[PDB]
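A lone chain, given as structure tokens: the form deposited in one PDB entry.
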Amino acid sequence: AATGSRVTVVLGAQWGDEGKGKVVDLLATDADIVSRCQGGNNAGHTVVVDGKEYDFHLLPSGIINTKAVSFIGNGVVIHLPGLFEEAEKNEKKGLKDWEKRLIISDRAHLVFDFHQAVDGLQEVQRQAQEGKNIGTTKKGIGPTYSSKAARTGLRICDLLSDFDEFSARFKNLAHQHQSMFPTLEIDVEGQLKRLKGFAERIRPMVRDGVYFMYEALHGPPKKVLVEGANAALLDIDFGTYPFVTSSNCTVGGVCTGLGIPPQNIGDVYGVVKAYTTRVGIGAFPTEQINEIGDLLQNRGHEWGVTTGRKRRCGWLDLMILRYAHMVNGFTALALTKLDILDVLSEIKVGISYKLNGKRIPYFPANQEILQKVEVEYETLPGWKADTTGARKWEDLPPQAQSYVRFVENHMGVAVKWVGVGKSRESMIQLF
């Protein structure tokens, strides 16, 4: 009561695209507030309800709920054009009056056109040299966060304030990036002029995030939902550095991105796919480059929800799962895409790693090591049956139930939900 109302969190336990948009949407139906705390439009959250399919990137997935306000915390990095582009895309799909239910924290940073530009420049520059890069989405997320750290970036509040002072700051930040990539050209006045538009357009939805969020957690009880982006192993600190994103997708990112204390955090749900996927470059212990990987890739439709780039696929990997829990402290799990395994006669799942006939004690801080480990697999009987229609724990068949426990057990975290489809109803609740 004195502490306040506690926040419910939905986070990624692997390398993103675990189905956070799906889980968030299910819990949002109730929610008074749904918000984002980290990342930018590099994120890609797909929601499927009553026949329509959405794909949000900056917009909180609860935006769909008219009876709820959607929030974008200070931790997030926003690319104005990209924001509106996304809104338009969804408006022409049924989304209406979203503006009246969207709130932008005035402390969040801005992804400027050139940030996205140098991001690409940075990638090709890495390829043309090492012949190996990160595999960024080229949305400037990296550069924006690096600008933020340097305290050179610009924030929503700076945009609404005196444009003259803004334009000066803008001028210098642009000239600075050009110093890194003297090839990078920037049409200052163009962007600047378009920015003034965006400013006056974004202005009504902007507010003090700290105050806003504080008022909501200490006033009359409210159901607040925090939608995480990316995932645990993509976390700037704990992920497979440097093959990660530039924000803390782990639980700390919630306090960082919204400005709320730990006691105001309640249930922390770890969304975990029934198998593993990674879109960018970097170590992937269980990766299956064969007919299996192809099957998962195809039955799971694991491809660029925009670019069409198929994602790397592999078996379930408990090492990353447990390491993710050590950092996040999940209160319960969301096990998604079980239906994808309905076909397999037997399912393997990585339980531990060993370097030289030697089982390593914990997840490697050095990603380069992770790339040289031999994983020990456990082979589990498949249930070989269609579960897309299961809606209760008893609908699921033997091996299927055992597969849930298996995950539930080796992670020492109970599974609260089981996903068997993309839509809101294609979900089973264990308790």
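Here, rigid core means the biggest group of C-alpha atoms that superpose within 1.5 Å across both forms. The first residue of the sequence shown is number 1, and the count goes up from there.
**Q** Higher average CA B factor in the deposited record is what I'm after, so tell me if that's 374-382 or 55-63.
**A** That would be 374-382.
**Q** Looking at the deposited entry, does 407-415 or 7-15 carry the larger mean Cα B-factor?
**A** Taking the mean B-factor of the alpha carbons in each, 407-415 is higher.
**Q** Have a look at 87, 110, 233, 229 and flag the one whose Cα has the highest B-factor in the entry.
**A** Of 87, 110, 233, 229, 87 has the highest C-alpha B-factor.
**Q** Name the one of 267, 339, 208, 91 with the greatest CA B-factor according to the PDB entry.
**A** Highest C-alpha B-factor among the listed residues goes to 91.
**Q** Among the modelled residues of this chain, does the Cα B factor of residue 106 put it in the lowest, middle or highest third?
**A** Tercile = middle for this residue's CA B-factor.
**Q** Relative to the other modelled residues in the chain, which third contains the C-alpha temperature factor of residue 82: lowest, middle or highest?
**A** Its C-alpha B-factor, which the entry lists for residue 82, ranks in the lowest third among residues of this chain.
**Q** Using only modelled residues of the chain, where does the Cα B factor of residue 316 rank: lowest third, middle third or highest third?
**A** Lowest third - that is where residue 316 ends up once the chain's C-alpha B-factors are sorted.
**Q** For residue 400, does the deposited CA B-factor place it in the lowest, middle or highest third of the chain?
**A** Tercile = middle for this residue's CA B-factor.
**Q** State the tercile, meaning the lowest, middle or highest third, of residue 297 with respect to the CA B-factors recorded for its chain.
**A** Answer is middle: the recorded C-alpha B-factor places it there.
What comes next is about the form deposited in another entry, which does not appear here.
**Q** Shifts of 2 Å or more at the CA atom, core superposed, between the shown form and the other one: which of the listed residues 238, 269, 353, 145 is the one?
**A** Single residue meeting the criterion: 353.
**Q** Does residue 31 move its CA by 2 angstroms or more between the shown form and the other one when the core is aligned?
**A** No, the C-alpha position differs by under 2 Å between the shown form and the other one.
**Q** Once both forms sit on the same rigid core, is the C-alpha displacement of residue 387 at or above 2 Å between the shown form and the other one?
**A** The answer is yes; the displacement is at least 2 Å.
**Q** After superposition on the rigid core, does the Cα atom of residue 291 shift by at least 2 Å between the shown form and the other one?
**A** Superposed on the core, residue 291 moves its C-alpha 2 Å or more between the shown form and the other one.
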